[PDB]
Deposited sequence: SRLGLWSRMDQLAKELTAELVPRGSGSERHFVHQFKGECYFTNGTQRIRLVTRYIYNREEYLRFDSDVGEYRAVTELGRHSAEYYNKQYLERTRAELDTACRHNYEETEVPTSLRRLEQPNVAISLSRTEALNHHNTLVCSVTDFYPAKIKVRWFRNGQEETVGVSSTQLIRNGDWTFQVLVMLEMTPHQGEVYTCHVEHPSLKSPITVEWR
């Protein structure tokens, strides 16, 4: 199953907030894992365990005594989580789900001197490369791009624009490359 990182219990018009964040950083598969837990009061991170540091540390004065407590009680089992949570989730849960999720992008050229819009929508993962071509040649001047837009539903979208000279008999093409494709998508226009 999937595993969660433990929020460790500390010792003993207005609103108050506490936040526990457990963050697993994977680099090159599982060759390098970095575990970071954060304890946040309102918007203030006062206490942090960081696998690279190897123990809990107070971030603010507010966590002065919390660091020592969490080091006596929780140090050993927090370190072990890098393995029983981080590595276990990646290798046993992400690999056969998220890391396999491939959503092919939808490409749609539209018109709005003028402006050609290349809409690239509903793709996953995030890596993608979109280019404009005129006469087999790559356009560079007059290409604007949005930043990669995350939709929140596990797809992304991106919009690439080209200012052009509408000469009749000129053919503009939007070229799209993405890990989901065995061949790049090309879509043409007038």
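- Against the full deposited sequence, the model leaves out several stretches, namely 13 to 27, 128 to 134.
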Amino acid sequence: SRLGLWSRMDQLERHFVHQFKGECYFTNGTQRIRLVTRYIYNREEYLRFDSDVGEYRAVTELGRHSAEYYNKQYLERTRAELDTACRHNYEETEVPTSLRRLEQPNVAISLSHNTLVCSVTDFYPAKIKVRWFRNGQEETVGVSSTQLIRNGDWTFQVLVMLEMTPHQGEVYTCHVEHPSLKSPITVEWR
From here on, numbers count along this sequence of modelled residues.
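We call the rigid core whatever largest set of C-alpha positions still superposes within 1.5 Å between the two forms.
- Stretch 139 to 147 is the one, of 152 to 160 and 139 to 147, whose CA positions lie farther from the shown form in 6 other deposited structures of this protein once all structures are superposed by the rigid core.
- Coverage remark for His113: absent from the model in at least one third of the other entries compared whose chains are built on both sides.
- Higher mean CA temperature factor, per the PDB entry, when comparing 159 to 167 with 120 to 128: 159 to 167.
- As recorded in the PDB entry, 65 to 73 is the stretch of 148 to 156 and 65 to 73 with the greater mean C-alpha temperature factor.
- In this PDB entry, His175 carries a Cα temperature factor that places it within the middle third of its chain's modelled residues.
- When the modelled residues of the chain are ordered by their C-alpha B factor, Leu102 lands in the lowest third.
- Among the modelled residues of its chain, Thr186 has a C-alpha B-factor that falls in the middle third according to the deposited record.
- Sorting the modelled residues of the chain by their CA temperature factor places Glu23 in the lowest third.
- Annotation for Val95: CA B-factor lies in the lowest third of the chain's modelled residues.
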